[PDB]
Amino acid sequence: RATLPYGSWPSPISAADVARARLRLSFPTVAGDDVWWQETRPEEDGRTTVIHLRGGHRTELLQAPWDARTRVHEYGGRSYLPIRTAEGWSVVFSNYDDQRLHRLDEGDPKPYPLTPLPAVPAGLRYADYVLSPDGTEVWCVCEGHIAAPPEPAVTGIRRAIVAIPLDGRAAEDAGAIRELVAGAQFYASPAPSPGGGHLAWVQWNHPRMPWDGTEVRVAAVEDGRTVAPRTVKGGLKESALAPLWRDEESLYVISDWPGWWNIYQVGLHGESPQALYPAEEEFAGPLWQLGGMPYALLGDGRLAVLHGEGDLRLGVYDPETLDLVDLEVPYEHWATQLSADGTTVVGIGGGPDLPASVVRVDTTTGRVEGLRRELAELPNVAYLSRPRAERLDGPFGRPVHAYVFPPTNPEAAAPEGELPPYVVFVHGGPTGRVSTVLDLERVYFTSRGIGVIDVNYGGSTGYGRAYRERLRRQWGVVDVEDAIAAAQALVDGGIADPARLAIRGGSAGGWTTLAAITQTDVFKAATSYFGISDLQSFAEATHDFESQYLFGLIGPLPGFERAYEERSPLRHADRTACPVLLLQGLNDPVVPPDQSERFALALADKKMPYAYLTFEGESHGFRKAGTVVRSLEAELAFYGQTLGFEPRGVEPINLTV
């Protein structure tokens, strides 16, 4: 080996390597020997395309002009639906730029519209597509942006479950689109039943989020309309989602009635749900993106299921024997995006030393196949840091789960009496979690001598409903405390350099870093990727799906103004403890760039050292390889100058006053 001071290590993982590996493999589909999935191309302006795989030949359906990406809830999800047509496969998708739903026929390279042009630019949006029981229509969730009356301003949102005819009669007639279900503010997971005599969906309304409480409604279909609707499962304090028919007259749902997402079988009249296999393990996730299922039906009636406290692992339930048997597989964490036909299941799998990749399993033989991975340059296993799981002890004796990635490099070590700098990662979506799945973004630091700790703080999902509710009305308190607890535990344990600690985070993670900076002094450097700094202006400016989220994170708005004011870092810029690095996409519909720029102006006016980088043509979350390169090299160099080292291969940036 050699011996260099921590942080100065030389590493083969380059910022560009991390950028090129941000493929975003998502939403596989499987029909017979045909597989489909969704890939984002980071070196083509982050556009998303659909890929078809048969017999090892994998072909790209959407050439450069197109971009399969819906904007329902601004986060979208599955943007394509493969339709089986006489001698071939047609495919419908959502085109980013105009949000219209377009159709594409194998045998024709030019896709064509099926929905009208919106009144305002992307004011009609489609998602969670399903093929109607007789073909000849796509049933899907529709999101409508209402134009102010006579550059049309937008004054409201109208959502519905809607029927689009597959023959382009609606390309120039909105009167061809039919409202099947309407009346609630949020819809998801529309599910025609086997005979076609019923229709099921998930709906919820505004003060709530889909993980707070939902309703799975099923109604009969008569003369082509809905009749006799009914709730089969869920409520205000109960999140029930993913309707999956088992036969005519009976279906599967996932509900957290017992405090964990479990599987229930419910009928259409008798109010007596049967709990299949009740466990203290989550069987689903938070519904941030539409178009994904956590369970699938096999040709024989068994269920392919995802389950676990923490990482989701893949098993099979046998309703004939009531057993749940895990499939012997090298993948430790799966996304809630399964597809299945016959004995073949398909999904997105990964684990500690496996990056996310499209996987194909076979439930009779057990054969597992790896179809596509997020990165081909398979890095040397020596440079990959192995995640160590720890239960930090929180304030009232409450456990706080974390993952520790030590600085790992096989050709360097630190001098006699040095401790490594560490960065606390705050995972972004308040109601989400980080998994063990290999993330080159962490390796980029660990390989260079910088340790990482990724904290699934209170409010994180995946560890029970209670754990998730620990964050209610405590935002800017429970997350800050749990992050600080992680850093202080690493210091108390002789692991971390207490004078070189940083915090960084994404959307809510930027909120958490700014809250921590302005409430404590443990961290000596901070990076906020498009975080929130003032809560009221955020609630008033943000997009609809998250426009009353703060009512649960901080509190109901006609009433908690003083809390929105007191907790906002923007109001306390002078309490900022360390230099700050702000990163912002200029076309962000979730966190308007006002938050970052106003905070930056406040750190001036207080002669506090900051640096604020803006990127054009980038939305909420960085998609373009060049953007990731610029910001990641900036962040490494920034930690170098603020905390104390000279990182190979990047020169430091200007801090302002």
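Residues numbered from 1 in each chain as written, not as in the entry; some residues may be left out. Heavy atoms only, no water.

Structure determination for this entry, per the PDB record, employed X-ray crystallography and reached 3.00004456732 Å resolution.

Visitor: Looking at this structure, how should I read the side chain of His198?
Guide: Summarising the element assignment, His198 is placed in strand β14 (residues 198-204). We classify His198 as buried; its relative accessible area is 15%. Excluding its chain neighbours within four sequence positions, the residues that come into contact with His198 are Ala191, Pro192, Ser193, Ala219, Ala220, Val221, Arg230, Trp245, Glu249 and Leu268. (Helix = DSSP H or I, 4+ residues; strand = E, 2+ residues; numbered from the N terminus. Buried < 20%, exposed > 50% of the residue type's maximum accessible area, 1.4 Å probe, protein only. Contact = heavy atoms within 4.5 Å.)

Visitor: Please clarify how the pairing of strand β11 (residues 154-164) should be interpreted in this entry.
Guide: Side-chain direction in a regular strand flips from residue to residue, so the side chains alternate between the two faces of the sheet. Sheet analysis places strand β10 (residues 138-147) next to β11, joined by 10 bridges and oriented antiparallel. Opposite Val138, over in β11, you have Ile164 as the bridge partner. Pairing between β11 and strand β12 (residues 178-182): 4 bridges, direction antiparallel. Within β12, the position partnered with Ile161 by the bridge is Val181. (Pairing = 2+ DSSP bridges.)

Visitor: Can you walk me through the sheet that holds strand β33 (residues 451-456) in this structure?
Guide: To summarise the sheet geometry, strands pair through backbone hydrogen bonds and adopt either a parallel or an antiparallel arrangement. As summarised here, the arrangement of the 8 strands in space is β30-β31-β33-β32-β34-β35-β36-β37, forming an open sheet in which the pairing is mixed. Looking at the sheet topology across the chains shown, the edges are occupied by β30 (388-393) and β37 (610-615). Recorded for the sheet is a direction-independent mean angle of 20° between the axes of neighbouring strands. Bridge count for strand β35 (residues 525-529) against strand β36 (residues 580-585) is 4 bridges, and the pairing is parallel. Counted as the bridge partner of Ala526 is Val580 from β36. (Axes fitted to C-alpha atoms, helices over the stretch in contact; angles between N-to-C directions.)

Visitor: Can you help me understand the sheet that holds β12 in this one?
Guide: Within the open sheet, the 4 strands sit side by side as β9-β10-β11-β12. Their pairing is antiparallel. Unpaired on one side and paired on the other, β9 (124-131) and β12 mark the two borders of the sheet. Across the sheet, the axes of successive neighbouring strands diverge by a mean angle of 35°, strand direction being ignored.

Visitor: So what exactly am I meant to see when it comes to the domain arrangement of the protein here?
Guide: Interface extent is often summarised as the accessible area lost during association of the parts. Taken as a whole, the protein is organised into domain 1 (1-375) and domain 2 (376-657). Computed over C-alpha atoms, the centres of domain 1 and domain 2 are 29 Å apart. Taken together, the contacts link 69 residues of domain 1 with 70 residues of domain 2. It is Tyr6, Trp9 and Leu375 in domain 1 that bury the most area against domain 2; as a group they hold 15% of the surface buried on that side. Linking domain 1 with domain 2 are 7 salt bridges, by the criterion used here. Between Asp212 and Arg472 there is a salt bridge; the shortest N-O distance is 3.2 Å. For the pair domain 1 and domain 2, the number of links is 32 residue pairs in polar contact. Of all the elements in the fold, those that place two or more residues in the side of domain 1 that touches domain 2 are α1 (15-20), β11, β27 (344-351) and β28 (354-362). (Domains from an automatic or database assignment. Buried area = accessible area lost by both parts, 1.4 Å probe. Salt bridge = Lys/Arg side-chain N within 4 Å of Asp/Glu carboxyl O. Polar contact = N/O pair within 3.5 Å; in protein donor to acceptor, adjacent residues only side chain to side chain.)

Visitor: When you look at the pairing of β14 in this model, what are you seeing that I'm missing?
Guide: Burial within β14 is extensive, with 7 of its 7 residues counted as buried. Residues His198, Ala200, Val202 and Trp204 point to one face of β14 and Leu199, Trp201 and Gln203 to the other, with burial holding for every one of them. The sheet contact formed by strand β13 (residues 186-192) and β14 spans 5 bridges and is antiparallel. Pairing of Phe186 across the sheet is with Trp204, part of β14. The hairpin formed by β13 and β14 contains 5 residues between the paired strands, and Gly196 there has a positive phi angle of roughly 85°. Note: β14 against strand β15 (residues 215-222), 6 bridges, orientation antiparallel. From the neighbouring strand, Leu199 faces β15, where its bridge partner is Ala219.

Visitor: Got a minute to help me understand the packing of aromatic side chains in this structure?
Guide: What characterises a pair of aromatic rings is the spacing of the ring centres plus the angle enclosed by the ring planes. Using the criterion set out here, one finds 22 aromatic pairs in the structure. Members of the aromatic cluster, each reached through a chain of ring pairs, are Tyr75, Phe186, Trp204, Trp211, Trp288, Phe545 and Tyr549. Here the guanidinium or amino end of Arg468 rests over the ring plane of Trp261, the centre of that ring lying 4.5 Å away. Directly above the ring of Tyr467 sits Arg470, whose terminal nitrogen or CZ lies 4.4 Å from the centroid. (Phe/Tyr/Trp six-rings, centres within 6.5 Å; stacked < 30°, edge-to-face > 60°. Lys NZ or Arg CZ within 6 Å of the ring centre and 35° of its normal.)

Visitor: Explanation requested: unusual backbone geometry in the structure shown.
Guide: Residues apart from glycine generally show negative phi values, whereas peptide bonds are mostly found in trans. The backbone of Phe27 sits at a positive phi, close to 60°, despite the residue not being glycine. In this structure, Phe27 sits in strand β1 (residues 26-31). Residue classification places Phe27 among the buried residues on the basis of a relative accessible area of 4%. The phi dihedral of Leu322 falls on the positive side, at around 60°, and the residue is not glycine. The topology assignment puts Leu322 in the loop between β23 (313-318) and β24 (323-326). Residue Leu322 is classed as exposed on the basis of its relative accessible area, which comes to 54%.

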